[PDB]
Amino acid sequence: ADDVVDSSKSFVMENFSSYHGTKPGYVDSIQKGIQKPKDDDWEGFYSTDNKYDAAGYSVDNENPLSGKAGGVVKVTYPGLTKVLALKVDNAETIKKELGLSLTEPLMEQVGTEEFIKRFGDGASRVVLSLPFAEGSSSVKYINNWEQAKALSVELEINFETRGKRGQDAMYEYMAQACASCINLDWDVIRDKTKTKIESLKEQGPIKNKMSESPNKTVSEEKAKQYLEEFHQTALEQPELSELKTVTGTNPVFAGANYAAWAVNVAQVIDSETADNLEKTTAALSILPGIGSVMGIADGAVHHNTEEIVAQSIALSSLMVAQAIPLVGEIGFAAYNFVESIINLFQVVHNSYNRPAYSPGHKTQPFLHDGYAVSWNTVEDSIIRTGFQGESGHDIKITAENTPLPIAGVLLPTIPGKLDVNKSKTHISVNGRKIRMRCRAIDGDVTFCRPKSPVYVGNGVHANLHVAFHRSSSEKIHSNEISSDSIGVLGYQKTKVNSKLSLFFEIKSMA
Amino acid sequence: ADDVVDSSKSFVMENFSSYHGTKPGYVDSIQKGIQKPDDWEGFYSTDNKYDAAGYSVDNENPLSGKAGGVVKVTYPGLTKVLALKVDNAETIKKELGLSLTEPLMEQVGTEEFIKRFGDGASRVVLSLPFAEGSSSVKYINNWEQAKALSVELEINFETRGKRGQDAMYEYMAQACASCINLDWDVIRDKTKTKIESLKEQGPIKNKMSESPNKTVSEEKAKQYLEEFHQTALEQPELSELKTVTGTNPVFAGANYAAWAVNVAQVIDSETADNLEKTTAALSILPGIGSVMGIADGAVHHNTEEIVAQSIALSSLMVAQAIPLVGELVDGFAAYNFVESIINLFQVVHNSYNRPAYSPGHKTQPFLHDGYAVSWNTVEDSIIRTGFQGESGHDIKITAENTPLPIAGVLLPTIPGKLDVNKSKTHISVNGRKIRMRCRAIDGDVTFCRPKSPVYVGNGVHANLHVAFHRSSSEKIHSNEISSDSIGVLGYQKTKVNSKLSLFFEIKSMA
Ligand SMILES: Nc1ncnc2c1ncn2[C@@H]1O[C@H](CO)[C@@H](OP(=O)(O)OC[C@H]2O[C@@H](n3ccc(=O)[nH]c3=O)[C@H](O)[C@@H]2OP(=O)(O)O)[C@H]1O
Ligand SMILES: Nc1ncnc2c1ncn2[C@@H]1O[C@H](CO)[C@@H](OP(=O)(O)OC[C@H]2O[C@@H](n3ccc(=O)[nH]c3=O)[C@H](O)[C@@H]2OP(=O)(O)O)[C@H]1O
């Protein structure tokens with residue numbers, strides 16, 4: 001029973017409350033009471049501790065990509081409720097270890113007075129708790145359907161009531177989570193986008209460049225060539241002044257990428273598709289290259305003001321309009337295309353609003369120059385402190401195709417307190433153990449280089465094993481250490497090396 | 001107790017032997033007996049004589065120096081091999097109760113330890129995994145106890161009388177009896193011959209005199225080196241190479257030229273004169289896969305004749321490149337350059353000979369089209385069989401820079417006894433839970449689409465949780481299942497999707 005219950009995340013509480021995402025049509029009826037609609041082990045009423053994750057369940061089930069969002073309700077049990085947190089979601093296992101019938105549904109047994117007596121610690125009923133999702137700190141709550149009749153149901157937010165376009169109300173709600181926060185007013189962005197489209201189409205050079213279009217089907221090459229010309233003249237108008245400035249250096253935001261995006265849109269959108277928003281979002285949502293239009297690259301949302309986002313969407317919208325004659329299959333460019341891409345913006349912004357480990361942190365890979373490197377486990381990414389002695393840390397390394405070298409690794413040191421254990425530090429290439437020569441560059445950085453050549457690639461990976469020696473029991477101090485990364489050096493290309501960075505955290509023992 | 005000892009890999013054995021790599025100069029002296037020139041201070045050996053040979057290279061010229069040999073050492077009588085499940089010395093003595101003050105390996109040589117752990121043997125040898133990615137073990141012997149070791153010769157690489165490190169690598173290649181077992185004597189002789197005869201071909205003399213034969217931009221040098229490559233490829237010395245390098249863009253003339261330019265740009269006169277320094281320099285360059293014929297997880301140039309043609313061609317191109325973008329005796333191109341690149345071939349061939357999980361097997365990432373995907377853990381990549389019920393499987397997903405979509409996932413099914421549990425199968429994007437709509441393609445293939453758009457990229461990752469239900473307890477026979485992979489589909493490019501493959505293993509329970 002211990003092997004399945006996280007007794008440390010379990011607790012009894014009075015007036016236990018949680019949140020339930022509710023779809024259009026039930027935001028009012030569900031407030032009359034939770035009732036079962038007419039694997040069985042997990043049949044029950046689901047809720048979560050996080051009202052923002054609840055809202056993710058609120059979208060029209062017939063149009064989940066683009067349909068209407070209903071609401072979130074807050075449900076509360078009177079009296080005392082036991083939250084029983086489980087370390088597995090395998091019902092056969094749970095019933096075996098909790099001494100239950102292996103034939104009857106798990107969530108049915110959880111509702112019986114015998115289960116409540118044995119596992120309720122005096123509460124009127126038991127609710128099961130499990131991790132909400134990989135990458136989330138929320139929990140999901142599983143309620144037995146009959147016990148859930150005792151819930152009072154109160155409104156938290158009705159997205160319909162807001163009266164806004166698309167899914168704006170839902171995403172604007174979710175962006176509250178982060179008060180590093182994209183919190184855009186999409187009403188402003190819709191109005192400014194409309195305005196800029198209408199007025200760009202009446203700019204001389206644009207009117208000029210428009211008349212110069214083949215206007216009939218051509219080749220992807222002349223299409224792209226003409227649309228890159230159209231992009232420059234458009235970007236020269238003052239409705240796009242700020243965009244021109246922010247898209248000028250980064251090659252992801254180049255006109256050729258706008259043009260490639262426009263061409264790809266024309267090819268996959270037929271007439272049936274354009275006259276259904278759901279169908280249009282399904283089709284746009286699987287194309288590559290949307291980060292050129294979104295202004296997203298290198299781990300950051302660059303286009304993060306209403307004005308710049310509207311300019312970019314305005315620009316894209318016109319380029320789509322001009323590509324459709326060249327490669328199509330016409331008001332779509334300014335109607336559903338704008339509605340659909342707006343929702344895609346909202347999806348991706350929300351992703352970047354959510355707490356998440358960046359590349360090379362914990363077990364998230366660092367992808368660079370054809371290499372992929374990562375900490376082997378989470379514990380490897382932690383340098384413990386406050387003790388005399390040793391630790392070891394494993395980094396996985398490979399590359400995507402041909403053999404790429406590994407020159408060495410840069411390691412942190414603390415003169416007096418933290419040093420490289422030169423005996424146990426080594427690297428292994430498909431099992432071949434390679435010793436390293438480690439030489440201090442100065443008091444804070446040591447460079448270790450393999451004593452024979454290291455190459456990685458498709459079918460060839462390495463495990464870099466870093467060993468640290470602590471000569472005191474003194475806790476390291478943030479002052480004492482500058483870099484927060486281990487630097488693995490790839491190939492050499494003003495000769496510089498490809499730098500692959502693994503980020504660590506200092507922590508005390510536990 | 002049992003927390004630090006793996007009994008399943010411990011045993012007593014009579015005449016326990018193991019292997020020790022021995023550096024040049026000590027191959028005869030060490031047969032006189034094991035004598036010593038603190039927790040792990042001890043004599044090291046391994047169960048794999050081929051891994052032993054990887055310790056045999058001159059410690060002061062490790063990249064290009066001579067290889068010494070491998071000896072076999074045997075203990076007369078009974079020896080206890082004690083396999084341990086961790087390698088932190090402080091952790092061993094705690095959980096075993098020894099003295100936290102004397103070195104572990106010292107305590108391992110005492111009668112009280114041998115009495116308590118020897119299970120009747122005259123001494124105890126410690127066993128630990130040899131390295132990540134390796135099946136071999138390393139043995140740690142108490143230095144005093146090791147005086148009892150008999151020491152026989154297994155191989156002396158010097159005695160073989162071969163150039164470079166050929167004797168060491170040809171020994172290592174015996175491990176695989178999908179084996180690269182080249183005769184480098186043949187390759188060296190054919191390379192010298194082809195270099196000489198190519199230099200006397202009329203069109204090559206002709207094209208040579210067309211060189212600017214002076215420092216020029218690298219854009220120019222590359223243009224000329226590309227003309228030279230094509231000319232040289234038309235000569236009968238390279239006819240096979242012309243054929244095997246014609247389609248794959250990795251083996252294109254331009255990459256040979258880029259390579260040749262880079263070589264010329266890093267080799268100075270001192271470097272060119274020293275084989276060790278030339279290998280260090282050459283070993284950190286990108287693009288060596290062009291010359292080696294290594295791409296897509298395979299060594300394509302796998303016959304003596306084609307390797308020598310590729311080495312011969314690159315040699316001539318370096319010779320043409322040096323006057324255009326270097327400053328040394330062209331000289332280098334036919335001598336230390338050839339000697340050095342040969343050693344790099346041997347290193348990489350040896351990596352590809354060693355057993356290794358391919359991309360998308362176990363926890364090795366599958367890298368393709370900007371994405372990176374992997375099984376979260378070894379167990380995730382196993383679909384267990386022989387029982388009724390459920391299992392879960394986590395797949396990690398991200399991309400290198402801009403937001404790239406995940407369109408869906410192809411999953412195996414068996415009409416009878418293996419189904420996709422549609423309510424537990426979901427994808428989580430930086431914690432945001434996204435449910436899936438799963439529809440069958442045929443009786444053996446289910447396709448699941450996310451219900452909100454999924455994008456991944458720098459700073460945005462996803463966890464795909466696949467859940468399988470087994471209705472019968474019958475074990476899954478080989479006929480029943482076609483693919484050995486789960487197919488995650490990326491962006492759409494005759495429309496086709498980017499295919500990211502995660503390979504699984506059907507196994508009975510244990
Ligand atoms: N008076 C009412 N009483 C009870 N239910 C009502 C009522 N009115 C409407 N419902 C709906 O009935 C379903 C079950 O409670 C839910 O919608 P769903 O679209 O089928 O719910 C869709 C899925 O979302 C899950 N989910 C939904 C919201 C949430 O916050 N968390 C979560 O995990 C559900 O478990 C369900 O999973 P399964 O159907 O795969 O088991 C709920 O919104
Ligand atoms: N009569 C002799 N008796 C004992 N040793 C002798 C003798 N003559 C020469 N030696 C050499 O002395 C060293 C200690 O045994 C070894 O070489 P190394 O270059 O220092 O060996 C380099 C490292 O490789 C390790 N290693 C070597 C071979 C192997 O098969 N496995 C392995 O893990 C060694 O333990 C060593 O670790 P340390 O440098 O931390 O001691 C060994 O080859």
Side-chain angles (χ1 to χ4, degrees), chain A residues 39 53 56 64-65 90 92 132-136 252 281 285-288 290-292 294 296-299 344 347-348 350-352 354 356 358-359 364-365 367 372 389-390 394 398 400-405 407 428-432 451-453 455 457-461 463 491-493, chain B residues 51 54 57 62-63 88 130-134 250 283-286 288-289 292 294-297 344 347-348 350-352 354-356 358-359 364-365 367 372 389-390 394 398 400-405 407 421 428-432 451-453 455 457-461 463 465 491-492:
Chain A
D39 197 3
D53 289 300
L65 291 195
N90 184 283
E92 313 287 285
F132 184 78
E134 316 77 12
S136 169
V252 163
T281 304
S285 73
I286 62 180
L287 302 180
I290 205 161
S292 291
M294 293 189 188
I296 295 170
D298 290 312
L344 298 178
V347 165
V348 177
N350 180 242
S351 287
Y352 275 95
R354 292 169 137 282
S358 283
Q364 277 303 318
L367 308 170
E390 319 298 326
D394 293 312
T398 189
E400 74 202 352
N401 189 13
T402 60
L404 299 184
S428 170
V429 185
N430 282 6
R432 183 190 174 169
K451 285 185 156 293
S452 64
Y455 292 93
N458 176 328
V460 188
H461 49 90
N463 178 89
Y491 65 76
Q492 164 189 92
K493 29 181 162 175
Chain B
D51 286 312
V57 173
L63 296 196
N88 180 278
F130 185 73
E132 186 283 322
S134 166
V250 171
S283 73
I284 62 172
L285 295 183
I288 210 169
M292 297 191 179
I294 294 174
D296 305 308
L344 302 179
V347 171
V348 176
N350 175 250
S351 294
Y352 275 103
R354 292 174 180 261
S358 297
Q364 275 308 311
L367 307 166
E390 324 291 324
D394 294 315
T398 189
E400 58 181 17
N401 185 9
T402 66
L404 299 188
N421 183 328
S428 169
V429 182
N430 278 3
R432 189 203 168 158
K451 285 172 153 295
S452 334
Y455 292 95
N458 184 322
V460 185
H461 54 265
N463 185 83
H465 182 90
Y491 61 76
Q492 174 195 85

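Only this structure's heavy atoms are used, side chains among them; waters, hydrogens and symmetry mates stay out. Convention: sequence-line order gives letters A, B, ...; per-chain numbering from 1.
Residues satisfying the side chain to side chain contact (heavy atoms under 4.5 Å, CB included) test with A/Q364, not counting sequence neighbours, are A/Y357, B/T398, B/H461. Qualifying side chain to side chain contact (heavy atoms under 4.5 Å, CB included) partners for B/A295, counting only residues two or more places apart in sequence or in other chains: A/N401, A/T402, B/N248, B/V250, B/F251.
Nearest heavy atom pair, residue A/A133 against residue B/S428, reads CB-OG, 3.7 Å. Taking all atoms of both residues into account, the shortest heavy-atom contact from B/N88 to A/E390 is ND2-O, 3.8 Å. Across B/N458 and A/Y352, no two heavy atoms sit closer than the pair O-OH, 2.8 Å. The shortest heavy-atom contact between A/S285 and B/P453 is CB-CB, 4.1 Å.
Looking at A/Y455 and B/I294, their side chains never come closer than 4.5 Å, going by heavy atoms from C-beta outward.
Here B/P403 is the residue among B/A356, B/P403, B/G289 with the most heavy-atom pairs under 4.5 Å with chain A. Options B/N350, B/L285, B/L404 differ in how many heavy-atom pairs under 4.5 Å they form with chain A, and the most are formed by B/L285. With chain A as partner, the option from B/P355, B/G133, B/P286 having the largest number of non-hydrogen pairs under 4.5 angstrom is B/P286. Contact tally against chain A (heavy-atom pairs below 4.5 Å) for B/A372, B/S358, B/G457, B/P359: the top residue is B/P359.
Side chain of A/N430 to backbone of B/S351: a donor-acceptor contact under 3.5 angstrom is found.
Interface remark: A/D394 contributes no atoms to any contact with chain B (heavy atom separation under 4.5 Å). With a threshold of 4.5 angstrom between heavy atoms, B/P365 approaches chain A through side-chain atoms but not through N, CA, C or O.
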